[PDB]
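Some notes on the structure that comes next.
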Amino acid sequence: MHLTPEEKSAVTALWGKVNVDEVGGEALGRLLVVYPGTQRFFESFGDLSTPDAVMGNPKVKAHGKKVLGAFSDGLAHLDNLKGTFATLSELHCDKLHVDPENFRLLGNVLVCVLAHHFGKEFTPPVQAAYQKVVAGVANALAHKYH
Amino acid sequence: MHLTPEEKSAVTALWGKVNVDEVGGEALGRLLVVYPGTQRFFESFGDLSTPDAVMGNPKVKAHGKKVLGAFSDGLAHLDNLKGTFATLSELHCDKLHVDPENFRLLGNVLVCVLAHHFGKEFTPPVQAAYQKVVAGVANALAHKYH
Amino acid sequence: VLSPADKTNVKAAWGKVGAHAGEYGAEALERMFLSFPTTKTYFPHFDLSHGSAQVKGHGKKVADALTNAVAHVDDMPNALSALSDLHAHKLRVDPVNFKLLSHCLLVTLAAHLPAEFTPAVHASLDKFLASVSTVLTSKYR
Amino acid sequence: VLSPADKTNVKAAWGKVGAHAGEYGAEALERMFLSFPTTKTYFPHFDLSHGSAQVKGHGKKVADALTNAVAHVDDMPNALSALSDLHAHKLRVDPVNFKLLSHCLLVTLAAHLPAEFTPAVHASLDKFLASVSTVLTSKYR
Ligand code: HEM
Ligand code: HEM
Ligand code: HEM
Ligand code: HEM
Numbered sequence: 002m003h004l005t006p007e008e009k010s011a012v013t014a015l016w017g018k019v020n021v022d023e024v025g026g027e028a029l030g031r032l033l034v035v036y037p038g039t040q041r042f043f044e045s046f047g048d049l050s051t052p053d054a055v056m057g058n059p060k061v062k063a064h065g066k067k068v069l070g071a072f073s074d075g076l077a078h079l080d081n082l083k084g085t086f087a088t089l090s091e092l093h094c095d096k097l098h099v100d101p102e103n104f105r106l107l108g109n110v111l112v113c114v115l116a117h118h119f120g121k122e123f124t125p126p127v128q129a130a131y132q133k134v135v136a137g138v139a140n141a142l143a144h145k146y147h
Numbered sequence: 002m003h004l005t006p007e008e009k010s011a012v013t014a015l016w017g018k019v020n021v022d023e024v025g026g027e028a029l030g031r032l033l034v035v036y037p038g039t040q041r042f043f044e045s046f047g048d049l050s051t052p053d054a055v056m057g058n059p060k061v062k063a064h065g066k067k068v069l070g071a072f073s074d075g076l077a078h079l080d081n082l083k084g085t086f087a088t089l090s091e092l093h094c095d096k097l098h099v100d101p102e103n104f105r106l107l108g109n110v111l112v113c114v115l116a117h118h119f120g121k122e123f124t125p126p127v128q129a130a131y132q133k134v135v136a137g138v139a140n141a142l143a144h145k146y147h
Numbered sequence: 002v003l004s005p006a007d008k009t010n011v012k013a014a015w016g017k018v019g020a021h022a023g024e025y026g027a028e029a030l031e032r033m034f035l036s037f038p039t040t041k042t043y044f045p046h047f048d049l050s051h052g053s054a055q056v057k058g059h060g061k062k063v064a065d066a067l068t069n070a071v072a073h074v075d076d077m078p079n080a081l082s083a084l085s086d087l088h089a090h091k092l093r094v095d096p097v098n099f100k101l102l103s104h105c106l107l108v109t110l111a112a113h114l115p116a117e118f119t120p121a122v123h124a125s126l127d128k129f130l131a132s133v134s135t136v137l138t139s140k141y142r
Numbered sequence: 002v003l004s005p006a007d008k009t010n011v012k013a014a015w016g017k018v019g020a021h022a023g024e025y026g027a028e029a030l031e032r033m034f035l036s037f038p039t040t041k042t043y044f045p046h047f048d049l050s051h052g053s054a055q056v057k058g059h060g061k062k063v064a065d066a067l068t069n070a071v072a073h074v075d076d077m078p079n080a081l082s083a084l085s086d087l088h089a090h091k092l093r094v095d096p097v098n099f100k101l102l103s104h105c106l107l108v109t110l111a112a113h114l115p116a117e118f119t120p121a122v123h124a125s126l127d128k129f130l131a132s133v134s135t136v137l138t139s140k141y142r
C-alpha cells in the first residue's frame with residue numbers, strides 16, 4: 002500500500018461525496034450482470050436472470066450496502082488493511098469458499114461505477130489512486146486463505 | 002517472506018545440493034524454448050534458432066549461472082528481498098524494459114528444473130515452499146517499476 | 002461469444018462515441034500508463050507525458066482499429082489479422098496487459114457516456130473487448 | 002497452436018506415463034492444493050488431507066480425461082465438449098486456476114520422467130495443457 006499523501010487526499014476527497022447506499026447496490030449488481038459466474042455465490046438472492054431482475058433486487062441492494070460499508074471501514078484504516086479485514090478474510094475463505102480472484106473483479110467494477118458517477122472528476126491520477134486501494138483491499142481479503 | 006521455519010529449512014537443505022552450472026543453464030535455456038517470446042531480450046546472445054542451439058549456447062549458460070547467483074543471494078536474505086533485489090529491479094525496468102509477468106514464467110520454469118533434477122526428493126511440501134520463494138523474488142524484482 | 006443483442010449494444014455504444022473516439026483511445030492509454038505502470042515497458046521509444054502527441058496519435062490508431070472491428074463484428078479474426086501478428090509475434094505483448102487496456106477503455110467510456118453505459122451495455126462491451134483481446138493474443142507465447 | 006511435432010511429442014510422453022497416469026493425476030492435485038491454497042475453494046466437499054481417497058479418485062478422473070484428449074488431439078473441442086460445459090457453466094472455475102494445475106502437472110511429469118522431459122517435449126506439453134485449458138474455459142463468464 003504505497004499511497005503518497007496526495008493519493009490519500011484524492012481518494013478521501015472523492016469518497017466523501019459517495020452515496021454508499023446506492024453505489025454498493027450498483028457495484029454488486031453490475032458484478033453479477035457483467036460476470037455471471039459470480040452468481041454461484043448468491044443463489045439465495047432469488048431471481049437474477051436478467052439485468053433488471055438483478056439491479057432492482059432488494060437483496061442485492063442491501064448486500065451491496067454491507068459490502069461498501071466494509072469498504073468504507075478500510076478507507077479509514079489504509080495503513081492497516083490486513084488487520085481490519087482479517088475476520089472477513091477467514092469468513093470468505095472458510096465459510097463462503099470464494100476464490101479470491103473474484104475480489105479483483107469486484108474491485109474493477111467499482112472503479113467503473115465510480116467513473117460512471119463522477120464523469121470528468123474521475124481523472125487518470127484519481128483512478129490510479131483507487132486502483133492501488135482496490136488492489137490493497139483485495140490482497141487483504143486474500144491474506145488469511147489457507 | 003512468510004516462510005515457516007520448517008519451510009526455510011526445506012528450501013535451504015535442497016539448495017545446498019544444487020549444481021548451479023547445470024540448473025542455471027537449464028532454467029534459462031528452457032525459458033527461451035518453452036516461451037519463445039522471451040527471446041526478444043537476448044538477441045545479443047546469438048543463435049536461438051532451435052532447442053539444441055539454445056541449450057548449447059555458452060552465453061545462455063553463463064547468464065543462467067548469474068541468474069541463479071542472484072537467487073542464492075535472496076535465499077540468504079529472505080527477510081529483506083526488496084532491499085536485496087532493488088538494483089536488479091531498476092535495471093529490469095529502466096534499462097531492459099521487461100514486463101514483470103515474465104518473472105513468474107522464469108520462476109515456474111525454475112521449479113520444473115528442480116523437480117526434473119531431484120525427482121522424488123522434490124515432494125509436494127518442498128514444492129510449496131519453493132513456490133513461495135519464487136513468488137517473493139518475482140514480487141521483489143517488480144517492486145521498483147515506475 | 003457475441004450474441005445478437007451484444008452486437009446491437011456494441012454498435013449503438015460505439016455509434017455514440019463517434020468523432021470523439023481518437024480522444025477516448027488517447028485517454029484510455031493515459032489511464033493505463035498511470036494506473037498500471039508495468040505497461041510502459043512496451044513503449045520506451047515513446048514520449049509518455051500528459052498531452053503527448055505521440056500518445057494522442059497512438060490513441061487514434063487504437064480507436065480506428067476498434068471501429069474496424071465493430072464494422073466487421075462477424076469476421077473479427079480475419080479483420081484484425083494483421084494486428085494479431087503484430088501484437089503476438091512481432092511485439093510479444095503479454096496477455097494480462099490486454100485486460101488492463103480493456104478495463105481502462107471501459108472506465109473511459111463510463112466517464113464520458115453516462116446515459117448509454119447501462120449494465121447490459123457494460124456487459125456487452127466487456128464481452129466485445131475480451132473477444133478482441135483473444136484475437137490479438139491467440140498466437141502468443 | 003499445436004503443430005504435428007507437438008502432437009508427436011505429446012503422444013510420446015503420455016504413452017510412457019501409461020499406467021501411472023492415475024497416480025500422477027493425484028500427485029498433481031495434491032501439489033496444486035499445497036502450493037496454491039486458493040484452489041481448495043472449489044472442492045469444499047472433499048477430504049483434502051494427505052492420502053485422501055477422494056483426491057486419488059479424482060486423480061484418475063483428471064488423468065483419464067487427458068488420456069482422452071491426447072487421443073483426440075485433432076478435435077479436442079468436440080471430445081472435451083462435456084467437460085467444457087461442466088467447468089465453464091456449472092462449476093465456473095476462474096481461468097487462472099487452469100495455469101496452476103497445468104504447472105503442477107508439468108512438475109509431476111518432470112519429477113517422474115527425467116529422460117523424457119526434454120526442453121522440446123516440455124514446450125509441447127506446455128502448449129498442450131494450455132489448449133486443453135482454453136477449451137475447458139471457453140464460455141467462462
Ligand atoms: C470488497 C470485497 C468484498 C467485501 C468487502 C465483502 C464484504 C462482505 C460482507 C461484509 C459480508 C457480510 C459478512 C457476514 O455475513 O458476516 C459478505 C458476505 C458475503 N460475501 Fe463478500 N465481500 C466482498 C467480495 C465478495 C465477492 C467478490 C464475493 C463473491 C463473488 C463475495 C461473496 C460473499 C457471500 C456469498 C456472502 C454471504 C452472503 C449471504 O448473506 O448470503 N464477497 N461479504
Ligand atoms: C527470476 C527473475 C530474474 C532475475 C533474478 C534476473 C537476474 C538478472 C541478473 C543478475 C542480471 C545481470 C545484471 C547485470 O548486467 O549486471 C540480469 C540481466 C538481464 N536480465 Fe534478468 N533476471 C530475471 C528474469 C529475467 C527475465 C524473465 C528476463 C526476460 C525475459 C530477463 C532479462 C534480462 C536481460 C535482457 C538482462 C541483460 C542481459 C545481458 O547481459 O545482455 N531477466 N538479470
Ligand atoms: C484493444 C486492444 C489493442 C488494440 C486494438 C491495439 C491496436 C494497435 C494498433 C492499431 C497499432 C498500430 C499498428 C501500426 O501503426 O502499425 C498498435 C501498435 C502497438 N500496440 Fe497495440 N493494441 C491493443 C492493445 C495493446 C496493448 C495491451 C499493448 C501493450 C500494453 C499494446 C502495445 C502496442 C505497441 C508497443 C505497438 C507499437 C507502437 C509503435 O511502436 O508505434 N497494444 N496497436
Ligand atoms: C487439465 C485441466 C482439467 C481437467 C482435464 C479436468 C477434468 C475434470 C474431470 C474429468 C472431472 C470429472 C467430471 C465427471 O464427474 O465426469 C472434473 C471435475 C471437477 N473439476 Fe476439473 N479438470 C481440470 C481442471 C480443473 C481446475 C483448474 C479446477 C479448479 C481448480 C477444477 C475443478 C473441478 C471441480 C471442482 C470438479 C467437480 C468435482 C466433484 O464435484 O466431485 N478442474 N474435472
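Same order as they appear, the protein sequences are chains R, G, L and Z. Per UniProt numbering, numbering of the first sequence is gapless, rising by one per residue and ending at 147. Per UniProt numbering, numbering of the second sequence is gapless, rising by one per residue and ending at 147. Per UniProt numbering, numbering of the third sequence is gapless, rising by one per residue and ending at 142. Per UniProt numbering, numbering of the fourth sequence is gapless, rising by one per residue and ending at 142. Backbone N, C-alpha and C define an ideal beta-carbon position, used for all residues, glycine too.
Are the CB atoms of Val-71 (chain Z) and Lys-140 (chain Z) within a distance shorter than 9 angstroms?
Cβ atoms of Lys-140 (chain Z) and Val-71 (chain Z): not closer than 9 angstroms.
Compare the C-beta of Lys-140 (chain L) with all C-beta atoms of chain Z and state if any pair is closer than 9 angstroms.
Cβ-Cβ to chain Z under 9 angstroms: yes for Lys-140 (chain L).
Could you pull out every residue in the same chain whose Cβ sits closer than 8 angstroms to the Cβ of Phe-123 (chain G), ignoring the five residues on either side in sequence?
Correct list, in chain order: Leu-15, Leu-115, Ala-116.
Out of curiosity, what's the CA-to-CA distance linking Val-97 (chain Z) and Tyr-43 (chain Z)?
Distance between the alpha carbons of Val-97 (chain Z) and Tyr-43 (chain Z) is about 13 angstroms.
Out of R:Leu-29, R:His-3, R:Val-134, R:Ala-139, which has the shortest C-alpha to C-alpha gap to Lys-67 (chain R)?
Between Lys-67 (chain R) and the set R:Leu-29, R:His-3, R:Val-134, R:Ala-139, the nearest pair of CA atoms involves R:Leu-29.
Less than 7 angstroms between C-beta atoms, sequence neighbours within five positions excluded: which residues of the same chain meet that for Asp-53 (chain G)?
Closer than 7 angstroms at Cβ, skipping near neighbours: no residue.
Using the Cβ count rule (16 or more neighbours within 10 Å means buried), how would you classify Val-2 (chain Z)?
Exposed, because fewer than 16 other Cβ atoms sit within 10 Å of the Cβ of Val-2 (chain Z).
Excluding five sequence neighbours on each side, which residues of the same chain lie with their C-beta closer than 7 angstroms to the C-beta of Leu-101 (chain Z)?
So the list reads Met-33, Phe-37, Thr-40, once near-sequence residues are dropped.
May I ask whether a heavy atom of ligand 3 can be found less than 8 angstroms away from the beta carbon of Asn-98 (chain L)?
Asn-98 (chain L): yes, Cβ under 8 angstroms from ligand 3.
Closest to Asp-48 (chain L) by C-alpha separation, out of L:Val-94, L:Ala-6, L:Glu-31, L:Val-63, would be which residue?
Taking each of L:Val-94, L:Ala-6, L:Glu-31, L:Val-63 in turn and checking the Cα distance to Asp-48 (chain L), the smallest one comes out for L:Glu-31.
Considering only the alpha carbon of each residue, which of R:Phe-104, R:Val-112, R:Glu-102, R:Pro-101 lies closest to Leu-106 (chain L)?
Nearest C-alpha to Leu-106 (chain L): R:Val-112.
With a 10 Å radius around its C-beta and 16 neighbouring C-beta atoms as the bar for buried, classify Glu-27 (chain G) as buried or exposed.
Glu-27 (chain G) comes out buried.
Does any residue of chain R have a CB that is nearer than 9 angstroms to the CB of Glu-31 (chain L)?
The beta carbon of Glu-31 (chain L) sits closer than 9 angstroms to some beta carbon of chain R.
Boundaries (first-last residue) of the alpha helix (DSSP H) holding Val-24 (chain G):
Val-24 (chain G) -> alpha helix (DSSP H) spans 21-35.
Ignore the nearest five residues each way along the sequence and tell me which others in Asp-48 (chain R)'s own chain have a CB closer than 6 angstroms to its CB.
Cβ within range, chain order: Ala-54.
Span separating the alpha-carbon of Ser-103 (chain L) from that of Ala-116 (chain Z)
Roughly 43 angstroms separates the two Cα atoms.
So does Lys-67 (chain R) have its beta carbon nearer than 8 angstroms to some heavy atom of ligand 1?
Within the cutoff, so yes.
Assuming the contact rule is C-beta atoms closer than 8 angstroms, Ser-90 (chain G) and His-3 (chain G) should be a hit. Round their C-beta distance to whole Å, please.
At roughly 21 angstroms, the Cβ-Cβ gap does not stay under 8 angstroms, so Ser-90 (chain G) and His-3 (chain G) are not in contact.
With a Cβ-Cβ cutoff of 9 angstroms, do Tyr-25 (chain Z) and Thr-109 (chain Z) count as a contact?
Their beta carbons are under 9 angstroms apart, which means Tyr-25 (chain Z) touches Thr-109 (chain Z) by this criterion.
Is the shortest distance between the beta-carbon of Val-108 (chain Z) and the beta-carbons of chain G less than 9 angstroms?
Proximity of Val-108 (chain Z) to chain G, defined by a Cβ-Cβ separation below 9 angstroms, is satisfied.
CB of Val-133 (chain Z) to nearest heavy atom of ligand 4: below 8 angstroms?
True, at least one ligand heavy atom lies under 8 angstroms from that Cβ.
Distance cut-off 8 angstroms: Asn-103 (chain R) Cβ against heavy atoms of ligand 1:
Taking 8 angstroms as the cut-off, the C-beta of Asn-103 (chain R) counts as close to a heavy atom of ligand 1.
CB-CB length for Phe-104 (chain R) against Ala-139 (chain R), believed under 8 angstroms
Cβ atoms of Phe-104 (chain R) and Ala-139 (chain R) come within 8 angstroms of each other, at about 4 angstroms.
I'd like to know whether the C-beta of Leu-92 (chain Z) is nearer than 9 angstroms to at least one C-beta of chain G.
No, no contact with chain G.
Using 8 angstroms as the cut-off, classify the Cβ of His-59 (chain L) as near or not near the heavy atoms of ligand 3, replying yes or no.
Under cutoff, so the answer is yes.
Hey, is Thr-39 (chain Z)'s beta-carbon within less than 9 angstroms of any beta-carbon in chain G?
False, the Cβ-Cβ gap to chain G never drops below 9 angstroms.
Min CB distance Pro-52 (chain G) to chain L below 9 angstroms:
No, no contact with chain L.
What does a CB cutoff of less than 6 angstroms around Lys-8 (chain Z) pick up in its chain, not counting 5 residues either side in sequence?
Excluding residues within five positions, the ones whose Cβ falls inside 6 angstroms are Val-74.
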